[PDB]
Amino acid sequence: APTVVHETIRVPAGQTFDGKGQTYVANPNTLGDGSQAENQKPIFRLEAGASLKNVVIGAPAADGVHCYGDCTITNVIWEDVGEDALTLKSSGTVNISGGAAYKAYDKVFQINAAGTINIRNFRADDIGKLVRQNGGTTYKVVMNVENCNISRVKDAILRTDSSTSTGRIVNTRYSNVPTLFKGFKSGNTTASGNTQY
């Protein structure tokens, strides 16, 4: 059944939360409405090495998923991204495979610590950017996109301000995307097997 989430669901270190394909929305009074209003609460808080899987986040999506360290996100669908889809709050590696993200006013993925994010076999439509490293920071984030299909991007698929962050987009279909990468020093971008459509 759709659950209205009132308080953030914590997923302890190394554990999985399987939503079994069920929908989870935020309570707008306790977590946030999914607007651009700053610092809304995550619907899911993942501890290091935790996994979230087979979950549908519906609107109001507040500030989606935060990961404190490594997290694997498998077949999770953001039907309408709130403030952000998933944020990396502490250093680590985010791995996404499968799922989808729609209607993100600005970013789907926000990386707020040094780390990696691999996004595989993901559908994302009508978004500002797929991954933004927190603005101005100069720590290294490795951004990697494989076998995705990304469309109607306001700004860029991958965006950074750090001269050590790397961006890799491989075998991805994309449409109405202004730039693939934005802000990387020359030599810090890789791309192959992509298709503009």
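All residue numbers refer to positions in the sequence shown, first residue = 1.
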Which is higher in the entry, the mean Cα B factor of 141-149 or that of 37-45? 37-45
Tell me which stretch has the larger mean Cα B-factor in this entry, 48-56 or 150-158. 48-56
Residue of maximum C-alpha B factor among 73, 117, 77, 108, per deposited coordinates: 73
Based on the PDB entry, the highest CA temperature factor among the options 90, 87, 97, 93 is that of 90
Entry-reported C-alpha B-factor of residue 81 relative to its chain, by third, is lowest
What third of the chain does residue 22 rank in for C-alpha temperature factor, lowest, middle or highest? lowest
Within-chain third of residue 128 by Cα B-factor, per the entry: middle
For residue 4, the third of its chain into which the C-alpha B factor falls: middle
Using only modelled residues of the chain, where does the Cα B factor of residue 32 rank: lowest third, middle third or highest third? lowest
